[PDB]
Every structure is written in structure tokens, then in C-alpha cells.
Number of protein chains: 2
Amino acid sequence: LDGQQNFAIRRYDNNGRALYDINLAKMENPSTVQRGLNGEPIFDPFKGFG
Amino acid sequence: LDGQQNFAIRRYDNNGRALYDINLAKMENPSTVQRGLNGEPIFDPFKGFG
């Protein structure tokens with residue numbers, strides 16, 4: 001089934017227009033968030049997440 | 001000479017009393033700073049460096 005089926009959770013904007021995919025099977029070298037000194041992830045509204 | 005000599009750069013407080021030693025040869029599992037999204041290292045005056 002792995003080499004036969006494809007699944008994801010795509011994000012859509014408020015108008016219902018799709019934005020991006022998030023497909024774990026197609027995710028090549030994924031990453032976790034850079035957490036601060038209190039476990040709070042590093043994030044800028046524009047640059048994104050660390 | 002690596003197995004015969006030991007060198008470091010020790011940090012002293014304002015009165016001149018030693019605090020710690022940074023010996024690279026004896027440094028077991030060293031680490032680099034966690035930089036933010038602008039390259040600024042994450043640091044708290046009390047918790048230390050990330």
C-alpha cells in the first residue's frame with residue numbers, strides 16, 4: 001500500500017483556495033522546531049519557524 | 001605532544017579568582033550556539049546560552 005497510495009493534509013486560505021500540501025511520505029529530510037530556553041519555539045511572522 | 005601537554009584559557013572574576021576552564025583537548029561533546037532567525041544567539045542572563 002505504501003508504493004500504491006498517497007495521502008496528505010493540505011492547508012487552504014480563508015477563501016478556500018489551497019496553499020501547500022504536508023505529505024509525510026513525500027517529505028524528504030523533515031525537521032523539528034528550534035525551541036527556545038523555555039521550550040517556546042523560535043518564530044518570526046515573516047521568516048517563519050526555526 | 002598531544003598526549004604529553006595540556007593547555008587552556010581560564011576565566012577569572014574581577015577580583016582575580018578563577019571560575020572555570022576551557023580546555024579544548026578535554027572538551028568531551030562540545031556544542032555551538034543556537035542562533036535565532038537573524039543569527040543572534042539565543043541567551044538568557046541566568047539560564048545561559050542555547
# chains A, B, ... in the order shown; residues from 1 in each chain; ligands from 1
call {"tool": "closest_atom_pairs", "arguments": {"of": "chain A", "to": "segment 16-33 of chain B", "cutoff": "12 Å", "atoms": "only C-alpha atoms", "output": "Markdown table"}}
result
| residue | atom | partner | partner_atom | distance |
| --- | --- | --- | --- | --- |
| A:34 | CA | B:33 | CA | 11.9 |
| A:36 | CA | B:33 | CA | 11.7 |
| A:37 | CA | B:33 | CA | 11.8 |
call {"tool": "write_last_selection", "arguments": {"atoms": "N, CA, C and O atoms", "output": "compact mmCIF listing (two decimals), in the first residue's frame"}}
result
# COMPACT_ATOMS: atom_id res chain seq x y z
N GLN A 34 12.97 24.66 16.34
CA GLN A 34 14.05 25.11 17.20
C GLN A 34 13.32 25.69 18.39
O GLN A 34 12.53 26.62 18.22
N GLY A 36 13.20 27.50 22.20
CA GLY A 36 13.94 28.49 22.97
C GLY A 36 14.56 27.89 24.21
O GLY A 36 14.89 26.70 24.24
N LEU A 37 14.75 28.70 25.26
CA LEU A 37 15.34 28.20 26.50
C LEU A 37 14.27 27.69 27.48
O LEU A 37 14.61 27.05 28.48
call {"tool": "closest_atom_pairs", "arguments": {"of": "chain A", "to": "chain B", "cutoff": "10 Å", "atoms": "only C-alpha atoms", "output": "Markdown table"}}
result
| residue | atom | partner | partner_atom | distance |
| --- | --- | --- | --- | --- |
| A:34 | CA | B:34 | CA | 8.3 |
| A:35 | CA | B:34 | CA | 9.3 |
| A:36 | CA | B:42 | CA | 7.1 |
| A:37 | CA | B:50 | CA | 6.5 |
| A:38 | CA | B:47 | CA | 9.3 |
| A:42 | CA | B:36 | CA | 6.8 |
| A:43 | CA | B:37 | CA | 7.5 |
| A:44 | CA | B:37 | CA | 7.4 |
| A:47 | CA | B:37 | CA | 7.2 |
| A:48 | CA | B:37 | CA | 8.5 |
| A:49 | CA | B:37 | CA | 8.0 |
| A:50 | CA | B:37 | CA | 6.5 |
call {"tool": "select_by_dssp", "arguments": {"residues": "chain B", "states": "strand (DSSP E or B)", "output": "list in words"}}
result
residues 9, 10, 11, 12, 18, 19, 20, 21, 22, 35, 41, 43, 44, 48 and 49 of chain B
call {"tool": "atom_distance", "arguments": {"atom1": "atom CA of residue 46 of chain A", "atom2": "atom CA of residue 7 of chain A"}}
result
28.5 Å
call {"tool": "atom_distance", "arguments": {"atom1": "atom CA of residue 41 of chain B", "atom2": "atom CA of residue 8 of chain B"}}
result
24.1 Å
call {"tool": "atom_distance", "arguments": {"atom1": "atom CA of residue 39 of chain B", "atom2": "atom CA of residue 11 of chain A"}}
result
29.4 Å
